[PDB]
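Peer 1: my complex, first installment, coordinates as in the assembly:
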Amino acid sequence: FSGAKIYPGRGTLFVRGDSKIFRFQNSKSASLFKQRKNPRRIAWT
Amino acid sequence: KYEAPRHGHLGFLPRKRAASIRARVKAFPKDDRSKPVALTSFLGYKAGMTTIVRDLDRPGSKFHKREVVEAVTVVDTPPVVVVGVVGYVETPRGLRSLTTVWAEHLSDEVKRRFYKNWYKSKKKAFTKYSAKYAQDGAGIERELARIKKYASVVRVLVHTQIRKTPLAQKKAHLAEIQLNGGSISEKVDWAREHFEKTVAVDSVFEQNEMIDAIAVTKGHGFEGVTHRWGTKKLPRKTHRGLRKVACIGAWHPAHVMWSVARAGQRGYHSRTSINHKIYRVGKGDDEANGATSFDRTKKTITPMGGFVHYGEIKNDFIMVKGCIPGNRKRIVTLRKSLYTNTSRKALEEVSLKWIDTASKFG
Amino acid sequence: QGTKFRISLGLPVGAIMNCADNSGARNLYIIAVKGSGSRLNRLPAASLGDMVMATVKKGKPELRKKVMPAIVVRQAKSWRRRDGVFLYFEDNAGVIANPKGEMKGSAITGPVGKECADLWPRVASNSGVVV
């Protein structure tokens, strides 16, 4: 989920749709893709 | 008297517990008939892994010299201390010595160990830690030991130095270790300069050989037939026979042999894994890890934090691409490889491109 | 041929999978694989960039029925690339092909893989969105 820093040779990409490129970053942030927690409340993301 | 196919490895019989915490190996890897003096094995502690982002060894690949993600056990190798270089020769009976050549000063963790002070077990007699034994007269007669003609492989009884690795105990871990070299004469001559106190790590392990990964594995449970061998379940999965099995014997004859699919100890021997190819040797601090993702868990080399259940590494390590038995805390014994398969990729160092560092957790 | 990848399990016999090219069935099928070998209970797992065989279970009679073997395009399983970049898609979908690997329709729609087009240069001709 979160707006962290992806490495050149690390980082899982989900392309669900017409190649809608998402990615995980943090472990805690991958979790907020089940629950759908929006970046309104959670500020650091 | 039928057969069903070989689910699981047969010849780990008997499945005996490896009582001693360090692994043993009777059939040692035979001489480096190239390097004039070496050891056969060494010493390590199992710590944790990193993802080495490097490039391939095999140079003709379809995706040659791309980015390659790889496993690596970064095991800590403090050098071992000699008590005495035992001069095993022959007699007309067998493999019998004549004298050892002692070291003068041992380590500190020789205090508590040299004994067998444990309950329901034998002692030793009062062969405690060293006074000042045979080394002065003994050092010259190991030259005369090869003049016998009745002469064998000369070896050396060693002990560890512990706290240096983050484990805090000061009762040393013992083993004898064989000296290798050019000939029988050379593994005596150059080993006279080894018994001084401590040996070298780099004598046995040259960078980019292979290293066979023997150690002591975990004892899983009293594992039944499903996990220990490799039987299924029945898809009806009712009554008595869920995680059971069928045949153990046979009608004609009633007496079978040691193949049978029963329950008992899994893992936990001094089990040998084959030619894990040595990546690099790094002395101090070089590589790091700690990346905030799920991959595999709970062994992190210098992140923000440390390793869990080990302590943070500030020593001298050897990097084996692959693995080595045990889990956290467990002390391992890295044996070298006698049959080195691929050509030695030494001289220059192997690539480290970049590696992550953050938390491992959230 | 080597995929150079990680080819994962979990595409057994059956396969309700969508029509990846513009032939346009509904439910396809996957029968025997290319180079089979399993056990009873144990289902033959297909993969992506392959050339597994196929009929078509349900749909409409211009695209339904009677074999022409396929090649699967997408799976939602995450697979380890050697260069450390994982990629899972969306929907399962097979291109109904011909027995040495080329599409029956005019082009593939939806995402496709890199390595699927590395294997077959014939399927690489009229690809979809290369991810």
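Peer 2: Okay, I see it. Numbering: from 1, shown residues only, chains lettered A, B, ... in the order given.
Peer 1: going forward, measure contacts between C-alpha atoms and count neighbours the same way
Peer 2: OK.
Peer 1: quick check: residues of chain A near chain B?
Peer 2: A:7, A:9, A:25-29 (CA under 8 Å from any CA of the partner chain).
Peer 1: for the residues you listed, which one is nearest chain C?
Peer 2: residue A:9 (4.5 Å; CA to the nearest CA).
Peer 1: could you turn the buried ones of the residues of chain A next to chain B into a PyMOL selection?
Peer 2: Selecting only the buried entries of the residues of chain A next to chain B in PyMOL, with 16 or more other CA atoms under 10 Å in any protein chain shown as the criterion:
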select buried, chain A and resi 9+25+26+27+28+29
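Peer 1: adding distance to residue B:303 and secondary structure, write the residues of chain A next to chain B out as CSV.
Peer 2: Putting those into CSV (distance: CA to CA, whole Å; DSSP: H, G, I helix; E, B strand; the rest coil) gives the following:
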residue, distance to residue B:303, secondary structure
A:7, 16, coil
A:9, 18, coil
A:25, 16, coil
A:26, 14, coil
A:27, 15, helix
A:28, 17, helix
A:29, 19, helix
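Peer 1: show me where the chain has strands.
Peer 2: If you meant another chain, say so; for now it's chain A. All strands of chain A, identified by DSSP state E, fall at A:13-14.
Peer 1: chain C, not that one
Peer 2: C:18-19, C:70-74, C:87-88, C:93-96, C:111-112, C:129-130.
Peer 1: as RNA strand D, please add this:
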RNA sequence: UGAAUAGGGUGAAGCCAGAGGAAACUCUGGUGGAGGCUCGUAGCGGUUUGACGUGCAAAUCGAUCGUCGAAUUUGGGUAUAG
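Peer 2: Alright, RNA strand D goes in next:
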């Protein structure tokens, strides 16, 4: 011959009103009565599955399933014996 079914949904037949129809059909509301109408508890029946069988009852126990104003269930007294 004595005792027991709370709760909750519909409603022909009879009878009246209102718009509409040559007249009858149609068509809008109220009043009202006969249910194996009908529904959920009491009373009451037994489809599937697991554990028991040297154990709690000489066919047992757990999870699971049916009916109920009708050909309704049940107690007591009394009579019928190869």
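Peer 1: how far does stretch B:170-184 sit from its chain's centre?
Peer 2: 13 Å (CA atoms, centre = their mean, to the nearest Å).
Peer 1: mind saving the C-alpha coords of that stretch as CSV?
Peer 2: Output in CSV follows, covering the C-alpha atoms of stretch B:170-184 (Å, rounded to 0.1, in the frame of the first residue of the first chain):
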residue,chain,number,x,y,z
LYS,B,170,32.7,-19.9,28.7
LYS,B,171,32.7,-23.7,28.6
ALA,B,172,34.3,-24.7,25.3
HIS,B,173,33.0,-27.1,22.5
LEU,B,174,35.5,-29.9,21.8
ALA,B,175,36.4,-31.8,18.7
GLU,B,176,39.5,-33.3,17.0
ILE,B,177,40.1,-32.0,13.5
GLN,B,178,42.3,-33.7,10.9
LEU,B,179,45.3,-31.8,9.3
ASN,B,180,45.4,-32.0,5.5
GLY,B,181,48.2,-30.9,3.2
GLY,B,182,50.5,-32.1,0.4
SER,B,183,51.9,-35.3,1.9
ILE,B,184,52.2,-36.9,5.4
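Peer 1: buried set for that stretch?
Peer 2: Those buried within stretch B:170-184 under the rule 16+ other CA under 10 Å are B:170-181, B:184.
Peer 1: RNA strand E follows; place it on the structure:
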RNA sequence: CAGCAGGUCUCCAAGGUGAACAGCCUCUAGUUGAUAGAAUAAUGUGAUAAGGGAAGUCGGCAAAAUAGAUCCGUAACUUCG
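Peer 2: One more chain to add, RNA strand E, which I have set with the ones above:
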């Protein structure tokens, strides 16, 4: 027969939440049985999960989809109940 996981007529009817007498939960009011501690294998007894979607087994057995209130919209044909 039993100091046995049992048979056994039959009386009375508070608060707030949910039709009632489901459930929910406290009163008036009552009580944990004729042996016990610590670790908590294999194996028999409970739940979770990637990807697939029936492909498995005598056996959709097992297990999944869905659910209320209120409004819209809806199929053959009758012994016309």
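Peer 1: list the contacts for whatever residue is furthest in space from the centre of chain C?
Peer 2: Outermost residue of chain C with respect to the C-alpha centroid, by CA atoms, centre = their mean, is residue C:40; its distance is 23.6 Å. By CA atoms under 8 Å, 6 or more residues apart in numbering or on different chains, no residues touch residue C:40.
Peer 1: what parts of chain B come near chain C?
Peer 2: B:63, B:66-69.
Peer 1: among these, which are in strands?
Peer 2: No part of the residues of chain B next to chain C ends up in strands, with DSSP E as the criterion.
Peer 1: hmm, stretch A:5-22 in reach of chain C?
Peer 2: Yes. Stretch A:5-22 reaches chain C (CA under 8 Å from any CA) through A:9-19.
Peer 1: for residue C:13, the count of nearby residues, please.
Peer 2: 16 (other CA atoms under 10 Å in any protein chain shown).
Peer 1: just to check, it is in contact with residue C:32?
Peer 2: Yes. Counting by CA atoms under 8 Å, residue C:32 is a contact partner of residue C:13 at 7.3 Å.
Peer 1: for these two, list the residues in contact with both.
Peer 2: Common contacts of residue C:13 and residue C:32, defined by CA under 8 Å, 6+ apart, comprise residue C:44.
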